[PDB]
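Only one chain is given next, in structure tokens, and it is the form deposited in one PDB entry.
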């Protein structure tokens, strides 16, 4: 229950042998569980290492090399998990522990309780003064003996106490090696404390046991939940009999090493059912049910300084030297400016011009709290589709009353601000884009937030010379206009929408995947809803309880692929049978493996157990 990080220095040590010893002691001082590697190196002859008696478990490997002390005090080291291995091979490595051309050197191993090495091999050789080690039957300690090549122990040595002869860590009687796996009966799944069936330890017991219960283990094979060795921690979701579906489990626990905890350690957060340093890239840290945890994002939020804010205050424009400074940004706290100097750069003074493909970096942007000034753009780029996910332009700050500006650009035909829906404050100014159309089709008033917000549009390709040239808004679009060609470039849909695309109607009566309409938005019906023909809707809302008919079975109000077959419940596994009408009902509590019906005589049993 005391925890500490290990080290990964391997054969790296401090020149000052005094500081080395002091280092070791500071690290594993009163540590019971080393969540990493136990590395003991470059320690001199007379130094007491009695503080090492605190270590009961090591999840990584144990390295003992270049030492000179006499006795290794790890009499409490019960197990080494081998999550990491020395030289990618050993969970335990002991070598070259003697003074070159001297008399000092490791002589005895105090590993009286080392009965479990879950993963990896053992290397113990090149220890001039080491004794006894070779008497130990490592086959009983090392869980995975393959390749046998990786389990090597070789050795004026004393004798083992009469009580064991041939198998001891030292002369002390209580230092005789205790066998915990090889001496067991066939019936034992794992370890034992005697040669008889009644001596078998519980499945989840590592190292050995002092009893038959999963609470009598010396160490757990997987996790430790409140003293009980279990295969897994209380699940994050359990079946709720009233809602007829899995629900967040308020008793859920999380993994932290070999422990199940209710709350993760200080600098950790919950990701699914484990405790981690930081949330994975696809999730963000949030407070949910009084617990910090990682919730999947729908691109995760990431604020960034704009041109003229914070780390970019000196900047006057986005340029090749700060463009990568907007990677994965979602919200820009400030302005985004595009001046000629930034677009064309300055070759003579070695300042590269903006590489057009890198402008795709703004596709993640959804908001701009300030203004968007575009006085220059790559010649070959026809639109601003790199801003396709742009939703809001706050206009918190304005360029002399302007919140959006697009001047003198000749290489642009359309805007394509696909997701643009809000321009809080400031006025718009799109001028001198003789090749730009669609701009006249927009009802800018839709995007505004107040009456005190004007629009200024001048010498852009005449509405007429487009209107006639083929530059028209798709028919499936509202009278609010579009940002360019296609049904996926409109302000509002005329009929309905499926994603960013405007369409004629939802898949209400036909289609590969049936849908329901939610205020003009088409949403697919749950997969369990049976597709209905001849004018019948397949669903009237989302989820397995809003179907017209279930395609398989029905658990209470929910359409399910199959009735509950061993689902994790609050106190036990949930089982149900299906009546002739494919309706699910509870199995009798005495049926711990399923049933055919309600009766106590309707119990059925797993077909995959026993010979």
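Rigid core: the largest C-alpha set superposing within 1.5 Å between the two forms. Residue numbers count along the first chain shown, from 1.
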**Complete:** Gap between residue 155 and residue 156, counted in deposited residues with no coordinates, falls in the class 4 to 9
**Message:** Please classify the coordinate gap between residue 298 and residue 299 in terms of deposited residues: none, 1 to 3, 4 to 9, or 10 or more.
**Reply:** 1 to 3
**Request:** Can you let me know which of the two, 561-569 or 44-52, has the higher average C-alpha B-factor in the entry?
**Result:** 44-52
**Selected stretch [higher average CA B-factor]: 134-142 or 482-490** = 134-142
**Asked** Among 259, 509, 417, 104, which residue carries the highest C-alpha B-factor recorded in the PDB entry?
**Response** 104
**Request:** Going by the CA temperature factor in the entry, name the top one among 208, 345, 527, 265.
**Result:** 265
**Request:** Taking the chain's C-alpha temperature factors as the reference, tell me which third residue 588 falls into: lowest, middle or highest.
**Result:** highest
**Message:** Test of reading the entry: by CA B factor among the chain's modelled residues, which third contains residue 445?
**Reply:** highest
**Asked** Relative to the other modelled residues in the chain, which third contains the C-alpha temperature factor of residue 601: lowest, middle or highest?
**Response** highest
**Request:** Give the position of residue 24 by CA B-factor within its chain, expressed as the lowest, middle or highest third.
**Result:** lowest
**Asked** Considering only modelled residues of the same chain, in which third does the CA B-factor of residue 17 rank: lowest, middle or highest?
**Response** middle
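Beyond the structure shown, there is the form deposited in another entry, which is absent from this document and is the topic of what follows.
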**Asked** Is residue 277 one of the residues whose C-alpha moves 2 Å or more between this form and the one not shown after the core fit?
**Response** yes
**Message:** Please determine whether the C-alpha atom of residue 359 is displaced by 2 Å or more between this form and the one not shown following superposition on the rigid core.
**Reply:** yes
